[PDB]
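Contents: one structure, followed by commentary.
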Ligand SMILES: *[C@@H]1O[C@H](CO)[C@@H](O[C@@H]2O[C@H](CO)[C@@H](O)[C@H](O)[C@H]2NC(C)=O)[C@H](O)[C@H]1NC(C)=O
Ligand SMILES: *[C@@H]1O[C@H](CO)[C@@H](O)[C@H](O)[C@H]1NC(C)=O
Ligand SMILES: *[C@@H]1O[C@H](CO)[C@@H](O)[C@H](O)[C@H]1NC(C)=O
Ligand SMILES: *[C@@H]1O[C@H](CO)[C@@H](O)[C@H](O)[C@H]1NC(C)=O
Ligand SMILES: *[C@@H]1O[C@H](CO)[C@@H](O)[C@H](O)[C@H]1NC(C)=O
Ligand SMILES: *[C@@H]1O[C@H](CO)[C@@H](O)[C@H](O)[C@H]1NC(C)=O
Ligand SMILES: *[C@@H]1O[C@H](CO)[C@@H](O)[C@H](O)[C@H]1NC(C)=O
């Protein structure tokens, strides 16, 4: 019972961390596709300034 | 105790899945509001390539977008030069890049070959002709003075 | 993490992509960004020089291109010095990769 | 037609292209729609997501 | 591979030295034993050409089913090589276009589920 509880705790924490890393990866993908492959008129996205 | 444990396990998993579906729904909402209701200058967002518009379709627990994109196909070579000197003064193209096929020079837009003759309406001047590399001697026809004899 | 965890069921499946292939992808992206422009992200690519790429990029912030050609030498020196500054700051930073 | 004529103004090609190639563009768009219809009609697993 | 195509299966031992799989080991015979950083692969011959990935394995080794009829493993092909002739006095411009159309699929909502706690945990017992 105790070791099981430890397992679900660890799995839950890993799931959450996977969620944050997925969000960060999506943000990075958008950064790559909007900065590198072009020029983004947005500010504070492709660096500071024009 | 055991069945309870199963309950909070299932509830936690459902909560997480709700989080991912929330993120996906927000992304879809932004896609709908930025593609369909307008035209998005971003790339890799409203389809692959220069985007034109969209069309939504409903589906069980989801939506389907038909991005309509514009993609150039065939390619052609030309000889380029980023400036032109005519009478000791530099010239720069208004909204094209100076290309040529060898004997006559032309200015064109940058996504479809469409040459025109270069006149004052197509160029603007800045300084003299000892400032930058790539200068190519050329002549620019004047569409204003030679026409009026009287 | 050395061997105790590897000897209690805990395994570490290797990543699908090796470092060399990722480096090859980054090299490809750099090659496209340098010799092609933004075209290669939308199908077939176009070859086009570098100075007359920034000459068009400056058209995208609000300054006409004649600035670039009139300050080519200074801008080249500035960009090279900027790259060198990145190299040295990365070379002499204790904790810049917390993220 | 004078909506696409303005939309092409939004990628970097002036509208006179579209009015000079209206017929071809119409045929291409219709064929594209047909291609979507047939590819959707004859795909086993395209809705995994 | 798909049961429709065939029935030939191959086994993979995770991070077990192919030089020590004799300790580990109809498929235990040595027919075509390949070594990857992901482990020891038994039941598939090795091929040297380049193809797109169909079933990932590890360390870039991708396996596929191609015909007499057996399973192959190979180095994953990043793609066809291409080069572009950079030069400072040339320009390459398109002269014809193509209106393509592509489909994007987004989930929106899942099935609105509800659960009865007491019924599911106790049925119809007062105790
Ligand atoms: C480069 O293009 C120009 C523009 O068409 C060509 O100049 C004309 O070419 C046609 C046919 O070759 C002639 O009938 C005209 O007399 C040319 N001059 C003008 C002012 O129209 C030129 O020939 C092309 N050069 C090459 C090498 O293809
Ligand atoms: C275009 O010119 C380049 C040289 O600048 C050459 O390598 C290439 O083959 C040409 N493209 C053709 C002939 O289609
Ligand atoms: C362009 O013509 C001028 C004529 O005054 C000459 O001085 C200059 O050297 C020429 N530049 C060339 C041919 O690149
Ligand atoms: C696998 O066997 C080789 C035999 O040459 C040996 O050098 C290597 O250390 C072994 N790897 C292990 C035991 O992880
Ligand atoms: C594949 O390459 C290896 C590397 O030397 C070689 O030993 C083997 O014979 C090759 N198999 C072929 C060409 O079928
Ligand atoms: C770049 O342009 C210069 C013009 O000054 C020329 O001398 C050089 O050969 C060019 N580089 C090439 C063609 O690779
Ligand atoms: C452009 O592509 C269309 C598509 O088939 C074709 O009908 C037309 O002839 C092409 N124009 C050219 C190659 O100049």
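Each position is counted from 1, following the chain as shown.
Just so it is clear, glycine is given a Cβ too, placed from its N, Cα and C backbone atoms.
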Annotated residue, O-linked glycosylation site, per Swiss-Prot; candidates E:19, E:36, E:67, E:95:
E:67
Check each of E:17, E:48, E:53, E:88, E:96 (the recorded positions) against chain D and write down, in sequence order, those whose C-beta lies under 8 A from a C-beta there; write 'none' if there are none.
none
Integer Cα-Cα distance in angstrom, residue E:40 (disulfide bond) to residue E:88 (N-linked glycosylation site):
51
Should any of the recorded positions E:18, E:48, E:53, E:62, E:67 have a Cα within 10 Å of the Cα of residue E:88 (N-linked glycosylation site), which are they?
none
Other C-beta atoms that fall within 10 angstroms of the C-beta of residue E:40 (disulfide bond):
21
State the Cα to Cα distance, in Å, between residue E:62 (disulfide bond) and residue E:17 (N-linked glycosylation site), rounded to an integer.
19
Check each of the recorded positions E:4, E:17, E:40, E:62, E:88 and report back the ones whose Cβ is under 8 Å from some Cβ of chain C.
E:88
Sequence order please: the recorded positions E:40, E:53, E:96 that have their Cβ under 8 Å from a chain B Cβ, otherwise just none.
E:96
